[PDB]
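I would like the atomic coordinates for the input below:
(2 chains, ligands or ions: 10)
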Number of protein chains: 2
Amino acid sequence: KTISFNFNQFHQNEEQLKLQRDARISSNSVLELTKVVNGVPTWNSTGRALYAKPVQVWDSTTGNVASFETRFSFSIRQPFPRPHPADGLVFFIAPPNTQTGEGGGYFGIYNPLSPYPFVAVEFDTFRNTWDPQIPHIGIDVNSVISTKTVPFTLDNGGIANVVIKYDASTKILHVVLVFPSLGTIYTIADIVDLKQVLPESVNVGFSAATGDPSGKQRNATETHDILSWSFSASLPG
Amino acid sequence: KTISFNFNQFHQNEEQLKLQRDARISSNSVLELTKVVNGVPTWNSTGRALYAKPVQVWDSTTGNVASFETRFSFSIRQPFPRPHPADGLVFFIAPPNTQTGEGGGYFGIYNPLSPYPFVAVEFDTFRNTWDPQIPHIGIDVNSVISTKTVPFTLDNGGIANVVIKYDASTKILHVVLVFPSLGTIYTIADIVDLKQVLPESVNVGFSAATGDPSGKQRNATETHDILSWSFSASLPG
Ligand SMILES: *[C@@H]1O[C@H](CO)[C@@H](O[C@@H]2O[C@H](CO)[C@@H](O)[C@H](O)[C@H]2NC(C)=O)[C@H](O[C@@H]2O[C@@H](C)[C@@H](O)[C@@H](O)[C@@H]2O)[C@H]1NC(C)=O
Ligand SMILES: *[C@@H]1O[C@H](CO)[C@@H](O[C@@H]2O[C@H](CO)[C@@H](O)[C@H](O)[C@H]2NC(C)=O)[C@H](O[C@@H]2O[C@@H](C)[C@@H](O)[C@@H](O)[C@@H]2O)[C@H]1NC(C)=O
Ligand SMILES: *[C@@H]1O[C@H](CO)[C@@H](O[C@@H]2O[C@H](CO)[C@@H](O)[C@H](O)[C@H]2NC(C)=O)[C@H](O[C@@H]2O[C@@H](C)[C@@H](O)[C@@H](O)[C@@H]2O)[C@H]1NC(C)=O
Ligand SMILES: *[C@@H]1O[C@H](CO)[C@@H](O[C@@H]2O[C@H](CO)[C@@H](O)[C@H](O)[C@H]2NC(C)=O)[C@H](O[C@@H]2O[C@@H](C)[C@@H](O)[C@@H](O)[C@@H]2O)[C@H]1NC(C)=O
Ligand SMILES: CC(=O)N[C@@H]1[C@@H](O)[C@@H](O)[C@@H](CO)O[C@@H]1O
Ligand SMILES: CC(=O)N[C@@H]1[C@@H](O)[C@@H](O)[C@@H](CO)O[C@@H]1O
Ligand SMILES: [Ca+2]
Ligand SMILES: [Ca+2]
Ligand SMILES: [Mn+2]
Ligand SMILES: [Mn+2]
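Numbering: from 1, shown residues only, chains lettered A, B, ... in the order given. Ligands and ions are numbered 1, 2, ... in the order given. Provided below are the atomic coordinates:
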């Protein structure tokens, strides 16, 4: 089977999306994952957006795994440089019907009290105890402590283009990050066996989070906007 | 044992380069792999450019393999759309002291008579009997019949940015192609075991070719210019 969707922009009450927590669509078409009031990003915010319908990444009958490609544009504006912006956004794949997890450094996808598996590509802006210098792109498998990491310089408020591609034959998950205004290109890849970590049917989407209250810093925040998003998956068997 | 060089521009008679066949550096600093006379690309042309010093991709004593990253910008101008431009350019790695191979669809790196091993990333503009729709990026190992392929749309005469990265721990060779003027991004990756195909010391460089006379089409041509090039390899030990 081949499934695919495209979003050139977003409208209020998009029937193909599942918004959770602080996630919402602005009047001028952008998907704001985290809370922003009067043009100002708030702390203690967590939001997710999932594609309404589940997609099948693999079939147990034939044992075949799907190959997929996803592209999206996001923007992170960091109004308060000091002490430190937080926390970042991620593109992720998880079992269907999950609830928003812990916020802060966990981006809203990890729940210590009852963990569910997931594969995620993160754009980390805050340095937790388990993180290397930030910002950085990271490939996460069942944990927020990345298997592979690469540093990148953020184009504050600028637009970022991301291409995530997964080839089932080689099991290579490669992501590309581009800031057209700066002409900078960042690349990272790692081997991930989807069949080994996720169930046959999953949900795909984004999740982000701002500074957690425990950090005692209202300045630890930023925006996490998704401007556009296309997804395509192919399962031969 | 880290090695790296950077050519932000090309000078007449570069002491660090080895030009072969039709390859030459224009007065305005660009590296023209194939022949172009009076601003017009000729057919029956083949040229290569190798970094003068050999680089060590792996060490037999420790068994360790090098990781490397290379970035470059090229431009392909296609003056004659009909009947078909040809043939393309490639970035490649081969044993030191090799001679230009067959031209045409072989880009000047393959020699049926006496083949030598090589790993190359191709940007193919002509569709040979062994090729899929063109243009396409392709990863070649010891042969011009690609292991992995991805189609791309050329920005005629525009500038292209390429990022080729090889991670020895995962053996993943991933390349990224970007046409800044169109904002388009193309990505491809595959697993290649350098230690298994190439000798300890190799040469890195470019090779390109225009329409072969046997095709009986003088229009089967285009330019193959390299604007800038940086390389870097880290061999632990
Ligand atoms: C949180 O962000 C605020 C806005 O960026 C910081 O205040 C700004 O601090 C600038 C330099 O310290 C100063 O030039 C600006 O006028 C001021 N902006 C306003 C109107 O708040 C804030 O910095 C703290 O608060 C200011 C008022 C001073 O007390 C500074 O010494 C403080 O660092 C940031 N707070 C934190 C926790 O960093
Ligand atoms: C961070 O956001 C939380 C919700 O997104 C806040 O808790 C919410 O507080 C509301 C009170 O105004 C209450 O109706 C909601 O049920 C509750 N949500 C849940 C289930 O936690 C949380 O802090 C709360 O609100 C402040 C004003 C105090 O009333 C606290 O005691 C609450 O826990 C926010 N964290 C902070 C430190 O502001
Ligand atoms: C394609 O380019 C070739 C050069 O790499 C031409 O081959 C000829 O090679 C000879 C020895 O290697 C050399 O003396 C010639 O100068 C050169 N071509 C000439 C005459 O300039 C080849 O030219 C054709 O083939 C040669 C053997 C001669 O018969 C020429 O008259 C032919 O044009 C070029 N092919 C074509 C079809 O243009
Ligand atoms: C080889 O490239 C040439 C330049 O692009 C083509 O000639 C051009 O063809 C145009 C129509 O395709 C015509 O309007 C132009 O006047 C002409 N310009 C030149 C430089 O001659 C050429 O096209 C064929 O050959 C020429 C000589 C004409 O007879 C055209 O009508 C033919 O289509 C290209 N050759 C091929 C195989 O198309
Ligand atoms: C574990 C955890 O969520 N840690 C958070 C961190 O991610 C960030 O939100 C910070 C902001 O000041 O507050 C805490 O340290
Ligand atoms: C095998 C070979 O070199 N084939 C070439 C092809 O690569 C291209 O140059 C074409 C142009 O007319 O002429 C021939 O078919
Ligand atoms: Ca973090
Ligand atoms: Ca070809
Ligand atoms: Mn991280
Ligand atoms: Mn090819």
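
and chain A, which of its residues are near chain B?
Residues of chain A lying close to chain B by CB under 8 Å from any CB of the partner chain are A:71, A:161, A:163, A:165, A:167, A:170, A:172, A:174, A:176, A:178, A:180, A:183, A:185, A:187, A:189-191. Just so you know, the C-beta spots here come from the backbone N, C-alpha and C atoms, and that holds for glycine as well.

swap the cut-off to 10 Å and go again
Counting by CB under 10 Å from any CB of the partner chain, the positions of chain A adjacent to chain B are A:69, A:71, A:147-148, A:150, A:159, A:161-165, A:167, A:169-178, A:180, A:183-191.

just the ones in strands from these, please.
Residues of those located in strands (DSSP state E): A:69, A:71, A:148, A:150, A:161-165, A:167, A:172-178, A:184-191.

ok so, going back, filter the residues of chain A next to chain B down to the buried ones and hand me the ChimeraX line.
To isolate the buried members of these in ChimeraX, using 16 or more other CB atoms under 10 Å in any protein chain shown:
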select /A:69,71,148,150,159,161,162,163,164,165,167,170,171,172,173,174,175,176,177,178,180,185,186,187,188,189,190
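
and ligand 5, which of the residues of chain A next to chain B reach it?
The subset of the residues of chain A next to chain B within reach of ligand 5, by CB under 6 Å from any ligand atom, is empty.

you'd agree residue A:91 is in a strand?
Yes. Assessed with DSSP: H, G, I helix; E, B strand; the rest coil, residue A:91 lies in a strand.

which residues does it bridge with?
As for beta bridges, residue A:91 partners with residue A:121, residue A:206 under DSSP bridges.

need the contact list for it.
Residues near residue A:91 by CB atoms under 10 Å, 6 or more residues apart in numbering or on different chains: A:70, A:72, A:74, A:119-123, A:162, A:164, A:175, A:204-207, A:226, A:229, A:231.

check those residues against ligand 8, which are close?
When CB under 5 Å from the ion is taken as the criterion, no member of those contacts ligand 8.

sec struct for residue A:78, please.
Residue A:78 falls in the coil class when you classify it by three-state DSSP.

and it, how many neighbours does it have?
Each residue near residue A:78 was counted by other CB atoms under 10 Å in any protein chain shown, and the total is 18.

distance-wise, check it relative to ligand 1.
Residue A:78 sits 10 Å away from ligand 1, going by CB to the nearest ligand atom, to the nearest Å.

let me see the contact set for that residue.
Neighbouring residues of residue A:78 by CB under 10 Å, 6+ apart: A:41, A:84-86, A:125, A:135, A:154, A:156-157, A:219, A:221-223.

which one (most neighbours) among the residues you listed?
When neighbours are counted by other CB under 10 Å, residue A:222 leads the contacts of residue A:78 with 29 neighbours.

ligand 7 contacts on chain A?
Contact residues, chain A versus ligand 7 (CB under 5 Å from the ion): A:105, A:124, A:126, A:128, A:131.

and the gap between the closest residue to ligand 9 within chain A and residue B:148?
Of all residues in chain A, residue A:124 sits closest to ligand 9, at 3.7 Å by CB to the ion. Going from residue A:124 to residue B:148 by CB to CB, to the nearest Å gives 30 Å.

with residue A:116 instead?
Separation of residue A:116 from residue B:148 (CB to CB) stands at 33 Å.

equivalent analysis for residue A:77, please.
Counting by CB to CB, the gap from residue A:77 to residue B:148 is 38 Å.

residue A:139 now?
Separation of residue A:139 from residue B:148 (CB to CB): 20 Å.

equivalent analysis for residue A:204, please.
According to CB to CB, residue A:204 and residue B:148 sit 24 Å apart.

cool, residue A:231 as well?
The gap separating residue A:231 from residue B:148 is 22 Å, by CB to CB.

ok, now residue A:71?
From residue A:71 to residue B:148 the distance is 19 Å (CB to CB).

swap in residue A:67?
12 Å.

joint contacts of those two?
With contacts defined as CB under 10 Å, 6+ apart, the residues adjacent to both residue A:67 and residue B:148 are A:167, A:169, A:170, A:172.

in those, find the pair that's most separated.
Farthest-apart pair in the shared contacts of residue A:67 and residue B:148 is A:169 and A:172; separation 8.8 Å (CB to CB).

what touches both of the two?
In contact with both residue A:169 and residue A:172: A:67, B:148, B:190, B:191, using CB under 10 Å, 6+ apart.

among those, which two are most distant?
Largest separation among those by CB to CB: A:67 and B:191, giving 15.0 Å.

and residue A:195, what helix or strand is that in?
Secondary structure assigned from DSSP states H and E places residue A:195 in helix A:194-197.

and the contacts of that helix?
Here helix A:194-197 has contacts from A:57-60, A:63-68, A:93, A:117-119, A:141-142, A:166, A:168, A:171, A:173, A:202, using CB under 10 Å, 6+ apart.

residues of that helix that come out buried?
By neighbour count on 16+ other CB under 10 Å, the buried set for helix A:194-197 is A:194, A:195.

quick check: bridge partners of residue A:58?
Bridge pairing for residue A:58 - DSSP bridges - gives residue A:65.

now the shared contacts of residue A:67 and residue B:148 as a markdown table including distance to ligand 10?
Formatted as a markdown table, these follow (distance: CB to the ion, whole Å):
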| residue | distance to ligand 10 |
| --- | --- |
| A:167 | 18 |
| A:169 | 18 |
| A:170 | 19 |
| A:172 | 20 |
